[PDB]
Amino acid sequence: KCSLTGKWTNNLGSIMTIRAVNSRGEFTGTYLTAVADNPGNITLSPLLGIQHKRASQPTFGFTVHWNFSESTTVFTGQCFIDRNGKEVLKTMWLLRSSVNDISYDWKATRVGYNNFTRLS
């Protein structure tokens, strides 16, 4: 089985820590991004998400509320377990910027990927 609980790093060097996954698949945690628009402002930020529970290789999503920005990121992906028991989270994300009004909405959403592996 693949549970999101534990510490992970991604290909950009970011670290996240996920706490216990409850029987609904809900989890909370923290996210320390390695990069930001203004990296001098980065602080540890909370995340909240849901994974599927029954599946051995569950899909999941989570939201990161950046504590140093008005932006928000969502990640979604799947936890894969390989033939040696190694786990990888394959994810894609949307990063929503805050803009002043709806005329700027078109430019407010970035997209990308991240691959996560366990810290230990």
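Residue numbers run from 1 along the displayed sequence.
Hey, which bit's got the bigger mean C-alpha B factor in the entry, 108 to 116 or 13 to 21? Averaged over C-alpha atoms, the B-factors run higher in 13 to 21.
Take the C-alpha B-factors listed in the entry for 48 to 56 and for 70 to 78, compute each mean, and give the stretch with the larger one. Result of the comparison: 48 to 56.
Report the third (lowest, middle or highest) to which the CA temperature factor of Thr30 belongs, ranking only the modelled residues of the same chain. As the PDB entry reports it, the C-alpha B-factor of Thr30 lands in the middle third of its chain.
Where does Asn84 sit by CA temperature factor within its chain: lowest, middle or highest third? Highest third of the chain for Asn84's C-alpha B-factor.
Chain-relative CA temperature factor third for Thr43: Ranked within chain, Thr43 CA B lands in the middle tercile.
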